[PDB]
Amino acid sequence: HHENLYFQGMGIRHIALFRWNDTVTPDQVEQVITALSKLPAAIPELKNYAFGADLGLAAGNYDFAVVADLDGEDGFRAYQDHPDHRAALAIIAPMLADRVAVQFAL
């Protein structure tokens, strides 16, 4: 919920889409929401993020999206390596049937 961004170098939009496995319960999705909200890896290079559960509007969709806007490849690497981020990946990993990602220049 922000609010104009300013990148010093190349702005990178990271996206990951998740498809849950059979293991996953609504409370676990709530856990993922809590984790993404409190472990955001909010380094200065992370300018904006958004995430949420699929709204059920299209047959065949995946279940969940996370988007993170990062200032530069150095920003992106620092984000990947940040402890918050490794803790969040850890929470999600056992829940995944699939994950597809792209990073593009914003």
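One-based numbering along the sequence shown.
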Which wins on mean Cα temperature factor, 69 to 77 or 22 to 30?
22 to 30
Out of 16, 96, 88, 10, highest CA B-factor residue:
10
According to the PDB entry, is the CA B factor of residue 42 in the bottom, middle or top third of its chain, that is, lowest, middle or highest?
highest
Looking at the C-alpha B-factor of residue 101, is it in the lowest, middle or highest third of its chain?
lowest
Classify residue 55 as lowest, middle or highest third according to the C-alpha B-factor given in the PDB entry, relative to its own chain.
middle
